[PDB]
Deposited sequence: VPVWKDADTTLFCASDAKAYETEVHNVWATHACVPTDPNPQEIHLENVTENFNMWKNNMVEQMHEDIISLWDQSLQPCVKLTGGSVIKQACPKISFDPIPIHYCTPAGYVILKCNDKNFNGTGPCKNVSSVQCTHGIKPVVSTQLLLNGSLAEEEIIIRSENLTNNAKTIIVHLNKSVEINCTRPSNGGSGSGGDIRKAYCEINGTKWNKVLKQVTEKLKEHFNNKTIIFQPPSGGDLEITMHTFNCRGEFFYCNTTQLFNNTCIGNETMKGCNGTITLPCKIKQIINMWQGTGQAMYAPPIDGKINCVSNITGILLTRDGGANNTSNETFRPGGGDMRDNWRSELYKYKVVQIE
């Protein structure tokens, strides 16, 4: 029966948000999202091939606008420094822990979902189903590393809009998540992250063999970022309200590609940050007393490749990205909205 035309349209959101919670993601979804589909139904689309493009699907920008909305309402800095002004207010300690959000089509439209195990984000898909809503997607803001997302079903996948353009971000979708366990124990700003060295280097070596496949068997080097602001040169993430900055030099080490134990990353909790929203500079209050612990799964990696190296034997890759959209993209690549014609 069904037939369609690809189109863009305004989505709505659904969640399990508990309405008794003071947590901020739950509050936001409690008043800006409906409940989740109590009877979710996925329909296989028989013998259809559908072209997808994760680098040009308007669901990314909608999710982005939502996360901006949530952070503007939820976070309370003591002082905001935007475009030549300075707004001051009260900065209490909030409750912070992202919850999965579902995205759903209005009537006359439907979501398509690519189920090709190794599909790279662009191109034809031969196992296409139709859903009302995406799956639940945690809105985890981070640089350098993708946290608390979804793994690739089969092999590690390299995602890029154009691998030959070195200004285009590369996303690595891992097959196997590696824990990063970060703790500020009871200088109150100093904390550390622990990663399994064995698993990390096994995964990293696999990552460069895949990168070797895509880059004509060339030698693949990892280097740290070549300067910039701390949110660029550090793996940054929010744990329990505190903004964490971690040094990833030990992770992107090439000789391990006597190193087999726990890798310990030095980190600092910052009160003064440069808002990822682009608006400007923000100041929050000193950290919570006692132990501050967050355990997360690395499930993907963000990478930028140097240019001016074509007449070399090497290709060198630094952690990076910057644009938060790619985060959302890393979970929305297998979806696209269509208009039922």
Going by C-alpha coordinates, which parts of the deposited sequence are missing from this model? 187-194, 266-271
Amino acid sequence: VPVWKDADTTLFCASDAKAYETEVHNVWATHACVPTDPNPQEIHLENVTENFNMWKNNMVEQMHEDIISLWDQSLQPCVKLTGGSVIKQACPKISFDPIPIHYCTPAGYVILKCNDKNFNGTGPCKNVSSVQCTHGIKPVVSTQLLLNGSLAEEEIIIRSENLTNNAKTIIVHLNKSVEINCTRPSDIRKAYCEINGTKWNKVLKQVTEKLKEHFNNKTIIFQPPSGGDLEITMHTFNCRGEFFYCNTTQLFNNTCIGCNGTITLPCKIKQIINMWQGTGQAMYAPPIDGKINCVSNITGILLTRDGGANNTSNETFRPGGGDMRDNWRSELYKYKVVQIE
From here on, numbers count along this sequence of modelled residues.
Mean C-alpha temperature factor, higher of 227-235 and 92-100: 227-235
Please compare 103-111 with 83-91 and say which has the higher mean C-alpha temperature factor in the record. 83-91
Which one, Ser150, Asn165, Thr208, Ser142, has the peak C-alpha temperature factor per the PDB entry? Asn165
Looking at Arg240, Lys138, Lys176, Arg159, which has the highest CA B-factor as recorded? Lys176
Could you look up the Cα B-factor of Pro319 in the entry and say which third of the chain it sits in: lowest, middle or highest? lowest
Assert third(CA B-factor, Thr255) within chain per record equals highest
Chain-wide C-alpha B factor ranking for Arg305, given as lowest, middle or highest third: middle
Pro286: which third of its chain by C-alpha temperature factor? middle
Looking at the entry's B-factor column for C-alpha atoms only, identify whether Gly280 ranks in the lowest, middle or highest third of its chain. middle
